[PDB]
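Participant: turn this into a structure:
(2 chains, ligands or ions: 8)
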Amino acid sequence: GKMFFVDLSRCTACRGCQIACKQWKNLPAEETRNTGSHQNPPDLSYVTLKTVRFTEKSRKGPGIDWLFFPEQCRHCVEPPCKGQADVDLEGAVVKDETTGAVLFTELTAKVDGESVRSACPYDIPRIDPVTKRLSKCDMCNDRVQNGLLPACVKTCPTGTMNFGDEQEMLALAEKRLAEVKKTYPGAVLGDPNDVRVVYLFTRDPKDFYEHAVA
Amino acid sequence: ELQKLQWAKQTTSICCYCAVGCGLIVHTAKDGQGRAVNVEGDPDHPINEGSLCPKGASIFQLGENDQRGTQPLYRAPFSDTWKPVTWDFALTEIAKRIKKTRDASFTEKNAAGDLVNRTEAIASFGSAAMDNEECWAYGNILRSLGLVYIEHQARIXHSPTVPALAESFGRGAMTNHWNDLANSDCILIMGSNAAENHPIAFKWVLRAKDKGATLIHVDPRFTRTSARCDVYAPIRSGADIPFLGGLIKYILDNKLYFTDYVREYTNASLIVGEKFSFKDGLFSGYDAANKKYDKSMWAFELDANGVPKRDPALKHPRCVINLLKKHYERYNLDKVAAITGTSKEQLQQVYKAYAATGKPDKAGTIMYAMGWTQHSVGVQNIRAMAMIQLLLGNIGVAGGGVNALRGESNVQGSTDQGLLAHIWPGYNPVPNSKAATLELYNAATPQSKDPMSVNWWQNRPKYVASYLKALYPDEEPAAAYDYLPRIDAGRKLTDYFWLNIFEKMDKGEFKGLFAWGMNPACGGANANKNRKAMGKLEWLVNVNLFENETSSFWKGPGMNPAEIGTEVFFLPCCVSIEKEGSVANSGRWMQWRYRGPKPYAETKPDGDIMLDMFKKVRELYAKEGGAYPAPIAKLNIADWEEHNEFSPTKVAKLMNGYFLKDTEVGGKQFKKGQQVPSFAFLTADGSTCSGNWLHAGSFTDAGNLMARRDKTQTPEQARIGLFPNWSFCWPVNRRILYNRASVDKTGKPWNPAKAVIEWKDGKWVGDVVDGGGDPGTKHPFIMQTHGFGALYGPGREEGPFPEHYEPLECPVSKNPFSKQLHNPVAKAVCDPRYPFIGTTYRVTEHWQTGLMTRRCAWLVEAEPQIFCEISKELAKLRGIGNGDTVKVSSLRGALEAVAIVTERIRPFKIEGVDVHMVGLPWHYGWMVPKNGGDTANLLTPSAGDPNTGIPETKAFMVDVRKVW
Ligand SMILES: Nc1nc2c(c(=O)[nH]1)N[C@H]1C(S)=C(S)[C@@H](COP(=O)(O)OP(=O)(O)OC[C@H]3O[C@@H](n4cnc5c(=O)[nH]c(N)nc54)[C@H](O)[C@@H]3O)O[C@H]1N2
Ligand SMILES: Nc1nc2c(c(=O)[nH]1)N[C@H]1C(S)=C(S)[C@@H](COP(=O)(O)OP(=O)(O)OC[C@H]3O[C@@H](n4cnc5c(=O)[nH]c(N)nc54)[C@H](O)[C@@H]3O)O[C@H]1N2
Ligand code: SF4
Ligand code: SF4
Ligand code: SF4
Ligand code: SF4
Ligand SMILES: [S]
Ligand SMILES: [W+6]
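Facilitator: Numbers count the residues shown, from 1 in each chain, chains lettered A, B, ... in the order given. Ligands and ions are numbered 1, 2, ... in the order given. Here you go:
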């Protein structure tokens, strides 16, 4: 199986990943407006599989702690979205044996979309108001099967985004956590045993986003 | 197989946005015979390794964009609509407007009776966005037509760097390169927001941190850069020289300078003449009438042979080093902390971290861009950085340098090709009216009598002659010299620059303007004035990707098309990935890129547009005659084309240069037609041509070195990441400039673990040595007259040492360092109705005026509207909530924006009073998108200064009010 390691201690919020995801799949842009934040789109949607969340936290001295969170499906080892949906119809949500990708299919139009979102501990699935299909991050599974990095990983300039075989990436996450703690002592890995997208947070994960961790 | 990329042809390209120079891979349908289907990063490129920021990553949406121009448009006087027209009509009628204006305006001799052979009724803006071969051909077209008002982007962001660093080191360029940042032990980012504005640079900055480096950001605002640095130090607007002067004092007081480096490789030991002095904020030789210095008062004491005297013991009181100590003793931590608003504790931390790189085996680098230098002392800011780097021995070494970050993908190149009013290609000055002959021109170059001083600029006659042979190969250089226009020696140089072109335009003194690859209706300070001023043109040519606020100024806000008589031609050019050519990145890497998809609809490359346009002028002159036809008719354009179109390859070969006959040079035989292998083999006797001497070496008989994609490195090359077989950098593939300073006088590196060059058994190993010669036999700064890195720099208008002169006018009345408040060699109103300091800056997702990126849905998606960033303090004072609509106003204009209330902005304490800063992006404009907002340059002033000619876009007075 494959895995992402996302070292949020290196993120510049360039939003290369957000754009590259849409370029590869030729996704449409949403209608957005500025409501007092650089964050946009404000949320994941049927047409937005990844958005970078921005959070400002006061600190003592000059400046802030500026927290950035490029959100995506965690590609859970034991996916609750699939456990749901398999109630209505098997084949709506499948798991790739080789990569470990969790994949939504066209049959998601036939299941209870709203229910499948609720089952997700990370609040990831989004519904098309018209066709009722569910969408989310698909791990760029076709790229991965063809020996390419996922679009968001390849584009990333800082080394925030990492991808590879699960043992290499777990070994990398443990090694990096130790190094990162020398600068950020309260650094933690997010649900490292449950998921295939392992975020390193510089502090309390919920500071980055309320569903940062399960 | 991936279906999306199956059946598509794969070509390489280079990003069309910033000067990092990231590599792309382009997939084009029908095995190259259709449209682009995908654009992403080139995994093999050594700078980005496949990475792209959102601008680069969205180039597919830029190129395959249905809002792009499809064909020429024409707008008749007083009309209120565009009329589509053929290329034939457009280029024909433009050639006639050029000829009609030239014939009526041309002046062979000025009033004083000197030959000038020019027209002053036409001006040109642009552009750093064109390929290097296009920039070169464009400048030579404009000058063959007799123009002198030739400017582009470089005036604003590049032009301060060139004399600051030239004075200091002998060249104006960024000293190191992007990959080299990874070798630094301490990175000081000051006057730069590199994480947002040069994003792939942070790949290498963070790798420096991984190996133990300290990252420091010094900025008035907390940015996405600041978020990833070890130390964020706030600084008050315009307080940079106090900051840097305190660091110089700290270095001297604590003896953290690199003693051997300073003694041997800087001008520390040189004896300054007794006529030098400084008192109460004024140097000696001040003329209070003319607001100017007599700089001969700053001259060195010369020995019997005309060489500046030296005390290697550094004990003589008039040694540069002793005068330096004296000058900066006023910059104590207490005074500096008060004015900068940086706490003493943080100053000490920053000074300690950075001055530690004064160790021989530690390296510190400074990264700056345009942010901090938009005023009259910007040159002296950069001088201070250079001086610090020289004291610490950081110039010439891996992980060191002054990394003056270039803005646009080819601003280095566009400047290199002389698209500013004062320079020809290769930084040969444009002659003034008193340089009556070529011999007089060549007479101005200073000579050295020091045998250890290479003084390379003595070769200038070879370069000027070779240039003239490139344009006019059937003429003797001395004769060809008379074809090209000359500026008036009487006038101040700034009369020919950006800001004054707008001033003259407003007085109705221009007939025609080229707006070639620029959007001045948004990019020029004081937009309301410029928009009105453009209505006093007779014709306007806009060459551009899309319709924009410049092309269509005549139907802009408040404008009545029926009252505006300007005739406008819009010519749609093609995007970067639809053409072949080179771009020179910030580190001087000259990188070749290839055509992927064919031009969209009936768009053309700039090379074809300009060449076709010139040919029509050439035809008109051949059949009608007219004003002094010779410069046009004799210009060598046959070297510029192949198979009936502009040829990037052939122009590049001409720019490199070739022998016009069998020639012996430097004890080598050369046959006629051979490519010149380096600028060392150029001649002044007509044997050689070369369009740009800097390019000599880039395209030899061995082929196009700019197109090399070879990652082969020796161990010592790979350790610091020189990549010498990847593309080509001027000069002659020297990746790190001044590298002779990186070794002792036996040729042993100061830091063996990060060697740049090394003397290994008879030769230099590593980088290409910057100046030939055995160890210990040459001074290391070969482009300097005297050979030394200049701590003391007496060629600068403001004085030989940087000194704090307040660039903020309105909130300040006293200078704590002297009795001289403002720059004494340089009319702000300060109307009390505008109490806040407005500033403009960039975000990661948009480009320049936003002309390009406001057309890309994914970038608008992330940043859809103009905003105004303010502190919680100012929000409370004005009763503004996060996300409210606010009105920002000044003496010059007004606009609306969305408020962003953030702790990332804080008040400044200036002379006991809280002063609030107000931040705007300058990426917006009325044409597109819906509800985006208009340019922040509605608010900015256009009163520059007679030295720089730069408007103040970083500190200008505004008010902010809530709207409902
Ligand atoms: N995303 C993006 N990148 C770009 C561009 C773009 O439009 N968008 N444009 C490119 C071009 S053409 C250029 S010239 C470069 C310019 O690149 P930068 O110079 O980095 O650009 P800015 O954001 O205008 O200014 C940089 C910083 O200077 C700070 N600053 C303002 N006043 C002062 C001062 O008095 N002192 C100090 N120390 N800092 C101060 C601002 O707060 C800001 O954070 O960027 C290039 N790269
Ligand atoms: N208030 C304020 N004003 C500023 C600045 C600031 O910081 N604040 N920054 C200043 C600086 S440093 C700069 S660089 C200027 C920039 O000002 P401009 O250069 O006028 O800005 P844009 O036109 O947005 O720059 C991109 C242009 O490149 C064109 N282009 C792209 N590719 C090609 C091509 O192949 N051929 C041709 N012919 N055109 C092409 C696009 O059509 C577009 O017009 O703005 C300056 N003005
Ligand atoms: S591309 Fe990398 S650095 Fe940029 S926002 Fe995404 S994860 Fe962060
Ligand atoms: S994060 Fe949610 S949508 Fe993604 S696999 Fe897990 S349960 Fe399913
Ligand atoms: S892995 Fe692919 S689908 Fe998932 S966020 Fe990244 S680019 Fe988008
Ligand atoms: S804009 Fe600059 S950093 Fe971003 S992809 Fe292009 S060259 Fe690289
Ligand atoms: S630029
Ligand atoms: W610029």
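
Participant: can you tell me the residue of the stretch 851-964 of chain B closest to ligand 6?
Facilitator: Using Cβ to the nearest ligand atom, the single residue of the stretch 851-964 of chain B nearest to ligand 6 is residue B:853, 10.3 Å away. In this view, the C-beta of every residue, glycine as well, is placed from N, C-alpha and C.

Participant: measure that residue to residue B:847 for me?
Facilitator: Residue B:853 sits 5 Å away from residue B:847, going by Cβ to Cβ, to the nearest Å.

Participant: mind checking which of the two has more residues around it?
Facilitator: Set residue B:853 next to residue B:847 and count neighbours by other Cβ atoms under 10 Å in any protein chain shown: residue B:853 wins out with 24 against 21.

Participant: surely the more buried one touches residue B:846?
Facilitator: Yes: counting by Cβ atoms under 8 Å, residue B:853 does reach residue B:846; the two are 4.6 Å apart.

Participant: and the closest residue to ligand 4 within the stretch 401-550 of chain B, how many neighbours does it have?
Facilitator: Using Cβ to the nearest ligand atom, the closest approach of the stretch 401-550 of chain B to ligand 4 is made by residue B:409 at 38.9 Å. Neighbourhood size, residue B:409 [other Cβ under 10 Å]: 27.

Participant: tell me the residues of chain A that contact ligand 3?
Facilitator: Counting by Cβ under 6 Å from any ligand atom, chain A comes close to ligand 3 at A:11-17, A:52, A:70, A:155-158, A:160-161.

Participant: residue with max distance from the center of chain A?
Facilitator: Here the centre of chain A is the reference, and by Cα atoms, centre = their mean the most remote residue is residue A:61, at 32.2 Å.

Participant: in a strand, that residue, correct?
Facilitator: No: secondary structure assignment (DSSP: H, G, I helix; E, B strand; the rest coil) places residue A:61 in coil, not in a strand.

Participant: for the residue of chain A found nearest ligand 6, helix, strand, or coil?
Facilitator: Of all residues in chain A, residue A:157 sits closest to ligand 6, at 7.0 Å by Cβ to the nearest ligand atom. At residue A:157, secondary structure determined by three-state DSSP is coil.

Participant: one more: residue B:622?
Facilitator: Assignment for residue B:622 (three-state DSSP): helix.

Participant: burial measure for it, as a count.
Facilitator: Neighbours of residue B:622 under the rule other Cβ under 10 Å: 12.

Participant: would you map the strands across chain A?
Facilitator: Applying DSSP state E to chain A gives strands spanning A:2-7, A:51-58, A:64-71, A:93-95, A:102-104, A:126-127, A:134-135, A:161-165, A:188-189, A:197-201.

Participant: in CSV: those, plus distance to residue B:353 and mean neighbour count.
Facilitator: Output for the strands of chain A, formatted as CSV (distance: least, Cβ to Cβ, whole Å; neighbours: other Cβ atoms under 10 Å in any protein chain shown):
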stretch, distance to residue B:353, mean neighbour count
strand A:2-7, 24, 24
strand A:51-58, 25, 16
strand A:64-71, 21, 21
strand A:93-95, 50, 19
strand A:102-104, 46, 22
strand A:126-127, 46, 18
strand A:134-135, 48, 22
strand A:161-165, 29, 19
strand A:188-189, 29, 18
strand A:197-201, 26, 24
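
Participant: so for residue A:26, which of these sits nearest?
Facilitator: strand A:134-135 (13.7 Å; Cβ to Cβ).

Participant: which residues are in contact with that closest one?
Facilitator: A:46-47, A:49, A:92, A:104, A:108, A:111, A:113, A:116-117, A:125-128 (Cβ atoms under 8 Å, 6 or more residues apart in numbering or on different chains).

Participant: run the last query once more with 6 Å
Facilitator: Contact with strand A:134-135 is made by A:46, A:104, A:108, A:113, A:125-126, as judged by Cβ atoms under 6 Å, 6 or more residues apart in numbering or on different chains.

Participant: which single residue of chain B ends up nearest ligand 7?
Facilitator: Closest point on chain B to ligand 7, by Cβ to the nearest ligand atom, is residue B:407, at 3.0 Å.

Participant: next one: that residue from residue B:155, what distance?
Facilitator: Counting by Cβ to Cβ, the gap from residue B:407 to residue B:155 is 12 Å.

Participant: repeat for residue B:215
Facilitator: From residue B:215 over to residue B:155 (counting by Cβ to Cβ), the distance is 31 Å.

Participant: cool, residue B:566 as well?
Facilitator: As judged by Cβ to Cβ, residue B:566 and residue B:155 stand 24 Å apart.

Participant: quick one: which of these two has more around it?
Facilitator: Using other Cβ under 10 Å as the criterion, residue B:566 and residue B:155 rank with residue B:155 on top: 23 against 20.

Participant: what sits against the more buried one?
Facilitator: Residue B:155 is in contact with B:497-498, counting by Cβ under 6 Å, 6+ apart.

Participant: helix, strand, or coil at it?
Facilitator: Applying three-state DSSP: residue B:155 is helix.

Participant: and residue B:414, helix, strand or coil?
Facilitator: What three-state DSSP gives for residue B:414 is helix.

Participant: now the stretch 651-800 of chain B against ligand 1: closest residue?
Facilitator: Using Cβ to the nearest ligand atom, the single residue of the stretch 651-800 of chain B nearest to ligand 1 is residue B:798, 17.0 Å away.

Participant: now the nearest residue to residue B:373 once chain neighbours are set aside: how far from chain A?
Facilitator: Closest residue in space to residue B:373, ignoring its immediate chain neighbours: residue B:160 at 4.8 Å, by Cβ to Cβ, 6 or more residues apart in numbering or on different chains. Distance of residue B:160 to chain A, given as Cβ to the nearest Cβ, to the nearest Å: 27 Å.
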